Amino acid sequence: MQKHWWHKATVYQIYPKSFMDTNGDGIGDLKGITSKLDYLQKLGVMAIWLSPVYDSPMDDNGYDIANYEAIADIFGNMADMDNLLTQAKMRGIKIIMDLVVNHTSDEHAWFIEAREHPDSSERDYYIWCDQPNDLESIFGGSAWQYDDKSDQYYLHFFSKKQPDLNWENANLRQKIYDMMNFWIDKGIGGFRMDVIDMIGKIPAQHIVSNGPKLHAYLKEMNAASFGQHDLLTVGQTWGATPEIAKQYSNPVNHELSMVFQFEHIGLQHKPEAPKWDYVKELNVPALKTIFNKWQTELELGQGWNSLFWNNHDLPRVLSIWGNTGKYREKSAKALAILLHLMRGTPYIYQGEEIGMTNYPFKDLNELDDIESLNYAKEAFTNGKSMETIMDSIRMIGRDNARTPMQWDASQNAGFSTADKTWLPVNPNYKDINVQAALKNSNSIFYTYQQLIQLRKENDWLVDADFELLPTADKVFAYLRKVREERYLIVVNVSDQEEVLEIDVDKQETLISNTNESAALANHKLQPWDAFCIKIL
């Protein structure tokens, strides 16, 4: 297999509104982001996933884009963007632009010209209809919004202020590619293609994900954009099996670098139930099955897979699958080690490296996410009490991932110098902040640092195969094997003392959050024990 720069990279995702504020309005800035590039470089990340900073009414907080080639003035101007690119480049860090091309804002020029002047060419950039079907919006209600000015329903799989783009229109596609080339020529490191599995939509036939012309569109995109350059393109794929992932990310097909898939995330809720009917107790054997499926059936050279616990749309991994009290940091290290020592590109969400958690939202007002608000308003008149709803949201609501980045124990955790922040800062910033994590030599942060370094310096993380070992239910253990080399990874995914019935000859320790000698000797693991050792 022929390697690329991103085959040894670890990606750090920054949520701009909640990273660092430097003008005291309670919202994060581009300058705030640039001011922490030394911290990110110290962490050892190679690429930064930058959540949308484009012009937006912020209906879906940046994912309703009104202009792809302008910076929202709440984040600064284009000069700030270019400066961020430059300063990150100087520190060996590439910027990966988050991109939404399935739909735009309704305040985007294309749509404005489209519902005005229905004789425009922009009219066909969007999906217009006379006789709507039963397609529902992911954020609730119908997917068709009746515009009474033009007497036509337009398609929106998300909010009504997020009309879908018509990807059967090659001219629209062309303009998209024009924008992409615009950002590419600004010297970015790649793209995160959000929801990109939806561009092959045929709404008339009730087709959303995995369309028939999907990979043709992705091939066209590649050939017209990043296909010539050397960029990391990660696509978010909802309908994703290992074979589909192959179709997406096999280097021969000339489409994407890798996929971003949520099958293991699906274990956060009951089978085929809405994500609001959550499950705290993680089914670790199920996670073993899924992880093994994606580690084995996605062979080297035939595709590449992403490694992630959480992002801006998910609950922080500690609140859903980890520990938030006694073994908080230990559980965080355990999960980190567990995920990062598999094959693929690991993704770290901001604050995960210090082990941040979900926020204790008590009432509906202090929320912001349109998805949570819609779910709440529906469920309230659908037999659910406000307390049940608030519990469900406290567990699963996306706002839990969008609370300000906790840096220190200053005002607003050193995120902002304003009276209030756009979202509340979690009180645990008393204990959970970047300064304190940096001070402690053996903190979660340095575990992530060590993992990222091991990924940078050692080829086996890319080269070694994967073999699942038969352990206890809540014990996740595997082998990375390549040539003479054999690496054992052992992680106790439990709050309780578990069993380890194995004998190995330990040659050296690569990483450990506990006494691995004790665990190997007494054949039993303490809660959240995790290590990686080289064995003979």
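Start at 1 and count along the sequence shown; that's the residue number.
Visitor: Averaging only over Cα atoms, indicate whether 168-176 or 278-286 has the higher B-factor in the PDB entry.
Guide: It is 278-286 that shows the higher mean C-alpha B-factor.
Visitor: 238-246 versus 259-267: which one carries the higher mean Cα B factor per the record?
Guide: Higher mean C-alpha B-factor: 238-246.
Visitor: Per the entry's Cα B factor values, which of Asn253, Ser137, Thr345, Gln350 stands out as the maximum?
Guide: So the option with the highest C-alpha B-factor is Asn253.
Visitor: Going by the entry, which of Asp369, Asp73, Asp98, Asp313 has the most elevated CA B factor?
Guide: Answer for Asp369, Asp73, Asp98, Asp313: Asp73, with the highest C-alpha B-factor.
Visitor: If you rank every modelled residue in this chain by C-alpha B factor, which third holds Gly62: lowest, middle or highest?
Guide: Answer is lowest: the recorded C-alpha B-factor places it there.
Visitor: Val482's Cα B-factor: lowest, middle or highest third of the chain?
Guide: According to the entry, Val482 has a C-alpha B-factor in the chain's highest third.
Visitor: For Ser494, return the chain-relative third of its C-alpha B-factor as stated in the PDB record: lowest, middle or highest.
Guide: Highest third - that is where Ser494 ends up once the chain's C-alpha B-factors are sorted.
Visitor: Based on the entry's values, in what third of the chain does the Cα temperature factor of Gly32 lie: lowest, middle or highest?
Guide: Middle third of the chain for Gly32's C-alpha B-factor.
Visitor: Is the Cα B-factor recorded for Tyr448 in the lowest, middle or highest third of its chain?
Guide: It belongs to the lowest third of the chain when residues are ordered by C-alpha B-factor.
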